[PDB]
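Chains as they are written, first to last, in this note's numbering: chain A, 171 to 301; chain B, 89 to 186; chain C, 1494 to 1617; chain D, 802 to 924; chain E, 802 to 924; chain F, 7 to 113; chain G, 6 to 369; chain H, 6 to 369.
Where is the CB? At the ideal position from N, CA and C, for every residue including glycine.
Remarks on the structure that follows.
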Amino acid sequence: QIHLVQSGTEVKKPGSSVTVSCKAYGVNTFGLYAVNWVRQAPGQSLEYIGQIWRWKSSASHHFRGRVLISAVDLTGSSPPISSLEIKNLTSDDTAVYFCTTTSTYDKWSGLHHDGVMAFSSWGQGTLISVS
Amino acid sequence: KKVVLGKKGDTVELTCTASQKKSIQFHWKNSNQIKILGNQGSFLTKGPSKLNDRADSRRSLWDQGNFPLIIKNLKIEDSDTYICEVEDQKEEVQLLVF
Amino acid sequence: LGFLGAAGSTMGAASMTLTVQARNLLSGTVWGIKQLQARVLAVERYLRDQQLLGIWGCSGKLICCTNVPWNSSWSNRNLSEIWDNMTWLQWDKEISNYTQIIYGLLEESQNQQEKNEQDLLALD
Amino acid sequence: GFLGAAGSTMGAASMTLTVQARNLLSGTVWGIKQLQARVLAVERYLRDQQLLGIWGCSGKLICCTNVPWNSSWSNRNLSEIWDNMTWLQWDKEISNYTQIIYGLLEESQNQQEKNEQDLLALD
Amino acid sequence: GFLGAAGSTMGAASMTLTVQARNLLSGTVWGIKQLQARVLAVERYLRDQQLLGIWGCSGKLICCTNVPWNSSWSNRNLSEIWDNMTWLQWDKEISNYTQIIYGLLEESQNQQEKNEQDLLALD
Amino acid sequence: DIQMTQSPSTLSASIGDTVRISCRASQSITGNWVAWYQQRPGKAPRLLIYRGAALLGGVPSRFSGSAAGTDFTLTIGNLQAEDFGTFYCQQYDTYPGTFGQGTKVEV
Amino acid sequence: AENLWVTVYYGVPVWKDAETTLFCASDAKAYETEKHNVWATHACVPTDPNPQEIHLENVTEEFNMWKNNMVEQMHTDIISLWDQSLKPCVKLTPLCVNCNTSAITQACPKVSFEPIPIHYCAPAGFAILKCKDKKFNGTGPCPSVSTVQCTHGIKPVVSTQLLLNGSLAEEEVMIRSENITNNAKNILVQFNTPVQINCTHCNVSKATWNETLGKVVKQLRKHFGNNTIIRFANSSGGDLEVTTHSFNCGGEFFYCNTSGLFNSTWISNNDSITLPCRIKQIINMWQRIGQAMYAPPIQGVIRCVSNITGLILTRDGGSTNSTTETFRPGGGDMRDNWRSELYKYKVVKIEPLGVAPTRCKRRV
Amino acid sequence: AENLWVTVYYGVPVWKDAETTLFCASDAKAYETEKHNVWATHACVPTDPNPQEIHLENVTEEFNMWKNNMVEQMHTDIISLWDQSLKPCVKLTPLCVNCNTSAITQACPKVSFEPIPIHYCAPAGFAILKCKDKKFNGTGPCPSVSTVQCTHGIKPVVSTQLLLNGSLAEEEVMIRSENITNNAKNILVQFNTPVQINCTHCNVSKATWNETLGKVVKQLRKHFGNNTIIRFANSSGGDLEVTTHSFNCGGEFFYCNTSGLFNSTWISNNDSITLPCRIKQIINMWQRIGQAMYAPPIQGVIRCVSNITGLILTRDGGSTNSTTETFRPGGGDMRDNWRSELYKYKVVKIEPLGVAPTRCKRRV
Ligand SMILES: *[C@@H]1O[C@H](CO)[C@@H](O[C@@H]2O[C@H](CO)[C@@H](O[C@@H]3O[C@H](CO[C@H]4O[C@H](CO)[C@@H](O)[C@H](O)[C@@H]4O)[C@@H](O)[C@H](O[C@H]4O[C@H](CO)[C@@H](O)[C@H](O)[C@@H]4O)[C@@H]3O)[C@H](O)[C@H]2NC(C)=O)[C@H](O)[C@H]1NC(C)=O
Ligand SMILES: *[C@@H]1O[C@H](CO)[C@@H](O[C@@H]2O[C@H](CO)[C@@H](O[C@@H]3O[C@H](CO[C@H]4O[C@H](CO)[C@@H](O)[C@H](O)[C@@H]4O)[C@@H](O)[C@H](O[C@H]4O[C@H](CO)[C@@H](O)[C@H](O)[C@@H]4O)[C@@H]3O)[C@H](O)[C@H]2NC(C)=O)[C@H](O)[C@H]1NC(C)=O
Ligand SMILES: *[C@@H]1O[C@H](CO)[C@@H](O[C@@H]2O[C@H](CO)[C@@H](O[C@@H]3O[C@H](CO[C@H]4O[C@H](CO)[C@@H](O)[C@H](O)[C@@H]4O)[C@@H](O)[C@H](O[C@H]4O[C@H](CO)[C@@H](O)[C@H](O)[C@@H]4O)[C@@H]3O)[C@H](O)[C@H]2NC(C)=O)[C@H](O)[C@H]1NC(C)=O
Ligand SMILES: *[C@@H]1O[C@H](CO)[C@@H](O[C@@H]2O[C@H](CO)[C@@H](O[C@@H]3O[C@H](CO)[C@@H](O)[C@H](O[C@H]4O[C@H](CO)[C@@H](O)[C@H](O)[C@@H]4O)[C@@H]3O)[C@H](O)[C@H]2NC(C)=O)[C@H](O)[C@H]1NC(C)=O
């Protein structure tokens, strides 16, 4: 009864910034639904970039200083939109981006570890060929 | 989802059937998600709508799981895909009057 | 430290903060029928918990080595990483449920080694 | 089981009681007379438990508390100690014999604990 | 006896209390007010017993828990330790001194038990 | 990090079988904080069993597992047509979380 | 040491015999119906809604219906209850204070009376044991034993010769008396079918009466006499409750002489027997030695519905041993009916202990 | 051994989630004032005179006002209490037994009624946690958390659209609803100032009403719409309690349509509003589906003093999104008011344990 939608198709110049979205239908707020952002090399495995738990702009040490996460919180007329900012899009930044909406209110059944939560649902997947 | 036929000027009933035999906070709506009617657990709240004097719910079937809507003096304008908001598995009923 | 007065990454200082709290584990027609029965039920439940506490194989606090082997399937802890810091909730109930599974196994094994040696030793 | 066997005496009762003890947990309006009975029951149970607490064994189904069940009482062959045990008239005499060694045993371990407890010196 | 002697202080009280402790057991209708007093009495007694249970001596009439009754407090000659003891005004000061060593003693044995419990590491 | 390595990569099986799917990991994880992501052909990955072997009422009981130290053999019994896919044992324990190698179930 | 030191058990089904007073277990219907004695309702302890019972396997436990000690408290509870309870207007106690006949005068109101079931619960410990065999001759062993925390659904009735509204026997009837065929003891038998007696005079059925006489006569032959004829005789003689039969008929006690019922000749080798009953106003007290007086009934023809379950009667005692057996109605002692309700139990208690003398040698 | 063996803790502030029934904590004023339902007084458990509370430091604990489980027991206690309690002369329950409208007729006495504060205490363990932050949007986190043994001084009132005599919001009002601006959810806001309403008809003040409309309109703009005008519309429509407002006015329930109150246009870029109320004798029951009937009031002009604290109302739902916002009175669900009292808590319990896997190796 809950479906996640990410941004569309985006092609950026080498050495630029990106702003992809993560719409979350049937979701209330990022305060209850923290979103962990994970990238994916096209065709390859998915590497966890970072997260926006409790409206906290952060990423991994491999992604620190290049990736910060904002998640515009809206509910009702508009679903919660989790954004993603990745600076200096080189040709190596050609990747498929991914978001994940999972509840943070439930705190005694099995959903999360130090921010890295159980990825229940996913969006569509945004293939971005930086050219 | 259910498709129901009809004619102008007919006492039609649109059921709102849930899975569990309980009376919950339901909301009857038009295609524009405008509040036709609902309940405060034990009252009949005819929400802000154009069919205020037309639509009417049955009291005795709420505990029986049904939160219907009875429309008197049916019209072509009264024909809409009415949204049966119950248990988040909405049996949005369709009405055809032409 | 305090009754939920810290927030950090997990596993050790909780053993240390609970160590400090446990070091100071003591913090040192008319009038009444309904409250007394609640006090009686509370002491019955507490004492029933205490006798079940008494039939255990560790009897020690915050540093205990009861006999079940937290095997390599469960053991991944580096030597110095065992005692550093620990808060973390959904993770905690799973950690706490893991704490109890080792507890029942541990005390059953020390009860089993105490009983096994009891039958076999025989320590003159 | 709770009286689900019938055999010759002495050991499997230590074993059947050992299994039962291994799973010793099995895991104007409304009321004035029943509460006093529950209170008296827990007062009696707790009084029994504190008297249980002032004992010198504190162990279950296999216990060596200090009184010598002397040769006047000791006739048990080594392997005959743990085989099977039900038997009633014989049992209260056996059970009363169980209690006499219990009081003596715990008094002796209390006496050795107290005596050592006077003499040791365990620094 | 229960206050059946009168002599100079320190030891036979350890001995008379030793004898008493050797035999420490001496072996519309009917009721609402007395039951609550019995419940409060057993709650207070059991609360005292659990506090008794969290101690570092667990033994009676002769015990050496770990606090050093230092030379500032220690003046007792070796044989003068166990002779005879009654004496009241002096006793509450003696008894309060008994308790100060008690809390310190049990805190130190709890501290050595805990310290060794962190350090030993006894395989 | 802790390099997860799902074993094997490809395997052949019929419908209605019981096959264990290992998952290498330098660290073991108490209770298996590794979610298996069955990426079926034509569908995004999903949650099969939260907590390795805990009971989930949204996924049928055909999925079961077992843990052997560095390896985590998901013993999926009664394989079906939808079971022919690429699972993904992902530790969601360390920071960051890593995927395995992937296991393809085919005819 | 190398010598034998004994073990300490815990949570054991060992037991020690107990001699004490149990308490009544009847719901506090105290507050709603009425507290006018309806059979346990002055201040009785309620019943545990979940009766506990654990069957004892392979336990050849014997039971005597004469040395119960559970019996000992029931009549004390019943006499104290009838005293607090339904009161006669006349109380008589002859006592040498040759003796001085004393008298106590009080009020005697009458209410609709019906016996209520009274379970018997025990204090902490005091395990009760339920015999559940088939062949139980009162003073006999029991293969099928099942301990209980509280007794079963016992519905006692203080009554004469035939027990009213009580328990049942095993497959025909059961001869549970002290002696089976001694001409010195009272025959203690209970029924197996609830014999419905309709009293308006009592329209006693004849087919059920012939069937109960037939089942009892065959059981008496099985107990004594292979090829023997057992014939029934009329009443023995005595007081009103002796020749006739007292029973709870809507609170009152009709008195029909059971002499027109016992005249059946059975061979080893039918609408309604309307017996003449009597309106009860003044009778000898059954509690102790004396007389009573009550209020007149609210009905001229008194309707009631009662099922009678029990057979306690007297005997001629001649010899006449196996040639023919002849029995007469009567009996129904207050002391014996009291023993007849609680006939399959005993009370034992325990502390969690027991030994095995071993050489285990553990520290402390 | 050289392997890891884990430790045993004791007296820990660790916890495990609990799912249970809490009990009411309201003093036994049972014996002196009266037991005629004044809001907890039939057999309610008294209140601990010393409410316990321990603040939790640096604990970013989240709270949802929809998944409390403490809420779950309050309405059950309240419905059971209104049933034992103040009784209508007419009870209606339509049930298919299409359905068969059932009816229960009893007495309907009227007494002066006033809500009493009901604390909510828990059994042994079952730690309750009090959110004490400022910005609490219902389904939101709480920086300032403080566990409690029993709840705070909650004064609930079963009522319509605006909560009467209850708790307060944080510094203006607080938009705590499930969704903030969805046209599908009910707006759940509580007041911060006790709005005194004097009913004799109710002399509703105008300066306080304009101030509460101004504080709520600014909070709605802060929640949604930077440069937007929010205008208030008249009633939505429906039953008596829907268009008008039910509230405890000396026991009775006056009914003033709140349509002459909500017509204020606020800009982002005065003696007494005497509304016409109604004497309450027959209304739809709020407990379940049906109707009621009570006794006539003892006063022609009924005086009462009441402070109203809460804001639950409906909305048009057009778009009309940020151009202008329009809201209408109504709402006040029994299920939602029930959720609205106990909105900052959760229940967790614990046994004294926890580990550290070490190589300490102690004997036993
Ligand atoms: C606060 O308020 C918001 C709305 O204002 C609520 O959010 C809605 O939640 C419901 C479910 O709870 C959402 O419904 C789901 O929508 C998914 C997306 O479909 C939309 O988008 C596509 C693409 O544009 C359109 O074609 C389509 O018509 C919809 O407009 C669906 O995929 C979901 O369907 C799933 O379940 C059904 C069940 O039958 C299956 O048949 C489907 O195959 C699928 O598995 C579902 O219908 C709705 O979209 C949400 N709206 C918004 C705006 O977010 C919140 O729920 C509310 N807060 C709370 C706590 O209730
Ligand atoms: C239930 O139990 C009682 C008591 O045991 C039985 O009562 C006996 O009934 C028989 C009849 O079956 C009685 O015998 C009758 O005696 C009468 C004499 O009564 C007068 O004398 C006595 C003193 O002896 C006075 O007290 C009394 O008031 C009377 O003044 C006779 O008159 C009877 O004879 C009648 O029948 C014969 C039949 O041939 C006629 O010829 C006569 O003319 C006359 O009509 C009869 O003999 C006996 O006395 C009673 N008491 C005993 C035995 O102690 C019940 O009968 C019994 N119920 C049954 C069996 O159903
Ligand atoms: C609180 O809520 C209620 C219900 O929502 C509001 O009631 C509405 O009030 C308006 C007036 O503001 C009503 O409009 C009036 O309708 C009258 C017709 O009543 C007759 O007909 C109905 C059937 O339609 C019968 O049931 C009834 O018994 C009567 O027989 C008109 O007579 C009124 O006109 C009057 O004023 C105009 C002013 O120009 C004059 O020209 C007329 O001559 C006449 O004097 C008026 O039109 C409306 O019907 C009510 N019900 C609704 C909307 O459902 C309350 O007003 C509201 N409280 C407030 C706003 O303070
Ligand atoms: C319900 O209430 C909770 C708390 O009561 C509330 O969560 C809070 O949300 C705000 C923002 O909505 C958070 O404030 C953030 O603080 C960080 C740290 O300084 C900032 O970096 C954030 O800025 C980010 O977001 C901007 C928005 O566009 C981005 O443009 C920018 O790039 C930044 O990445 C922001 O100011 C606050 O931390 C949380 N609090 C907690 C405890 O989580 C929640 O939003 C409320 N929900 C609703 C629906 O009202």
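- In the three-state reduction of the DSSP assignment, residue 222 (chain A) falls in the coil class, being assigned neither a helical nor a strand state.
- For residue 1532 (chain C), the chain E residues whose Cβ falls inside 8 Å of its Cβ are 840, 844, in order along the chain.
- Its Cα nearest to that of residue 83 (chain G), the residue G:43 stands out among G:43, G:97, G:66.
- Exclusion of the five residues before and after residue 21 (chain H) leaves 353, 354, 355 as the residues of its chain whose Cβ lies within less than 7 Å of its Cβ.
- Here the segment 836–850 of chain E makes no contact with the segment 895–905 of chain D; the two share fewer than three CB pairs at distances below 8 Å.
- Of the candidates G:339, G:244, G:331, G:331 places its Cα closest to the Cα of residue 187 (chain G).
- When the beta-carbon positions are compared, residue 97 (chain G) and residue 295 (chain G) come within less than 8 Å of each other.
- Only residues of its own chain outside the window of five on either side were considered, and among them 204, 254, 255 have a CB closer than 6 Å to the CB of residue 309 (chain G), listed in chain order.
- Interface flag for residue 853 (chain D) against chain E is unset, since no Cβ pair is found closer than 8 Å.
- Residue contact with chain H for residue 1617 (chain C): absent (no Cβ-Cβ distance below 8 Å to any residue of chain H).
- Residue 863 (chain E) places its beta carbon 8 Å or farther from that of residue 861 (chain D).
- Going by beta carbons, residue 145 (chain G) and residue 161 (chain G) fall outside the 8 Å limit.
- Contact annotation: residue 329 (chain H) and residue 234 (chain H) have beta-carbon atoms nearer than 8 Å.
- Distances from the CB of residue 189 (chain H) to the heavy atoms of ligand 1 include at least one below 7 Å.
- The beta strand (DSSP E) runs of length 3 or more contained entirely in the segment 51–115 of chain H are, from start to end of the chain, 58–61, 66–68, 95–100, 105–110.
- Around the beta carbon of residue 359 (chain H), 16 or more other beta carbons lie within 10 angstroms, which makes this residue buried.
- Taking 8 Å as the threshold, the shortest C-beta distance from residue 1556 (chain C) to chain E falls below it.
- Counted as a single uninterrupted DSSP element, the alpha helix (DSSP H) harbouring residue 217 (chain H) occupies residues 212–228.
- The secondary-structure analysis by DSSP pairs residue 843 (chain E) with nothing; it has no beta-bridge partner.
- Taken through DSSP and simplified to helix, strand or coil, residue 236 (chain H) comes out as strand.
- These are the residues, in chain order, with a beta carbon less than 5 Å from any non-hydrogen atom of ligand 3: H:248, H:262, H:264, H:265.
- For residue 173 (chain B), the three-state secondary structure derived from DSSP is strand.
- Distance from the Cα of residue 150 (chain H) is smallest, within the candidate group H:336, H:33, H:62, H:48, for H:62.
- For the options E:887, E:909, E:913, the alpha carbon positioned closest to that of residue 804 (chain E) is the one of E:887.
- For a Cβ distance threshold of 9 Å, nothing in chain C lies close to residue 29 (chain H): the least Cβ distance comes to about 11 Å.
- For residue 835 (chain D), the number of other beta carbons within 10 angstroms of its own is below 16, and it is reported as exposed.
- The beta carbon of residue 243 (chain A) sits closer than 7 Å to those of 199, 200, 250, all from its chain and outside the five residues before and after it, given in chain order.
- Proximity of chain F to residue 1565 (chain C) at the Cβ level (cut-off 8 Å) is accounted for by 34, 75, in chain order.
- Those residues of the segment 252–284 of chain A placed with their C-beta closer than 8 Å to a C-beta in chain C are 276, 277, 278, 279, 280, 281, 282, 283, 284, ordered along the chain.
- Counting C-beta pairs with one atom in each stretch, the segment 224–238 of chain H and the segment 257–272 of chain H have three or more that are closer than 8 Å, which means they touch.
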